[PDB]
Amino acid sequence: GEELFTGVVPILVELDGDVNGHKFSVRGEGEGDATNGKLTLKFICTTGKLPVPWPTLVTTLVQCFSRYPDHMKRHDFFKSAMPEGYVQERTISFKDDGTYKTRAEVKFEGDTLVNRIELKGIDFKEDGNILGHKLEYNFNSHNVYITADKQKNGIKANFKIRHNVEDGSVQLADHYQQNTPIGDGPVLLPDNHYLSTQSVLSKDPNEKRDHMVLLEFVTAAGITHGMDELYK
């Protein structure tokens, strides 16, 4: 619930990946401040160079750090499933290119929130925008649209990421998401709403390994009832 997230929480991310047979691992470390909707993380490809552009992994690499406004807090499924956690699964379909499938478990290990991920990518073009590394090192802002999944006692989400390509074109990545609580504990199943996300990608000038520094801001919106500040 909310009490686990009222201060600054350490984060660990571990990803094991295979894209078109190319095997890689990523580790990330940082901290999250859900009260303010802010995350800061640094990721390293621990196996060497990454075979896909870092921007294509941003969405896979802890929506429990979203800032839900007071009037919407009963719609925060993510924190309601903590500390036991949830399984997050996605299909990410890159237009005119391959597809990632991801399975992650997000849960507390003591005082650290841990995101452990397996990613499998198939059908990528050897010199498309992904395996050909034609994407700019940046990120546009997007909304994540959430709906309840009563049958699974969780949520589904959908969104479309627009990755800037170096030639001025845009590479679409259609995201389909499911989240299911771990274990049998009660959860909050939300009304439809969205998360508004803004990400800044940068580099550590003192880091020789292939890496990504990430600052993210995430708020929830899309429900107005109960917010008395909007009356007048």
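Counting begins at 1, following the sequence as shown.
**Student:** Note how many residues of the deposited chain are left out of the model between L61 and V62; the options are none, 1 to 3, 4 to 9, and 10 or more.
**Tutor:** Per the record, 1 to 3 deposited residues are absent between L61 and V62.
**Student:** Using only the Cα atoms and their B-factors as the entry lists them, report which of 103-111 and 151-159 averages higher.
**Tutor:** It is 151-159 that shows the higher mean C-alpha B-factor.
**Student:** Take the C-alpha B-factors listed in the entry for 81-89 and for 130-138, compute each mean, and give the stretch with the larger one.
**Tutor:** According to the PDB entry, the answer is 130-138.
**Student:** Based on what the PDB entry reports, which of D191, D70, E31, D204 has the top C-alpha B-factor?
**Tutor:** Max CA B-factor in the entry, restricted to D191, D70, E31, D204: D204.
**Student:** For the CA B factor values reported in this entry, which option in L57, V187, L195, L50 has the top one?
**Tutor:** By C-alpha B-factor in the record, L50 ranks first.
**Student:** Where does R74 sit by CA temperature factor within its chain: lowest, middle or highest third?
**Tutor:** For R74, whose C-alpha B-factor we compare with every modelled residue in the chain, the answer is the lowest third.
**Student:** Where does the C-alpha B-factor of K120 rank in its chain, lowest, middle or highest third?
**Tutor:** Middle third by C-alpha B-factor.
**Student:** Among the modelled residues of its chain, does the C-alpha B-factor of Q171 lie in the lowest, middle or highest third?
**Tutor:** For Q171, the deposited C-alpha B-factor lands in the highest third.
**Student:** Where does the C-alpha B-factor of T180 rank in its chain, lowest, middle or highest third?
**Tutor:** Middle third, going by the recorded CA B-factors of the chain.
**Student:** Could you say whether, by C-alpha temperature factor, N164 belongs to the lowest, middle or highest third of its chain?
**Tutor:** Tercile = highest for this residue's CA B-factor.
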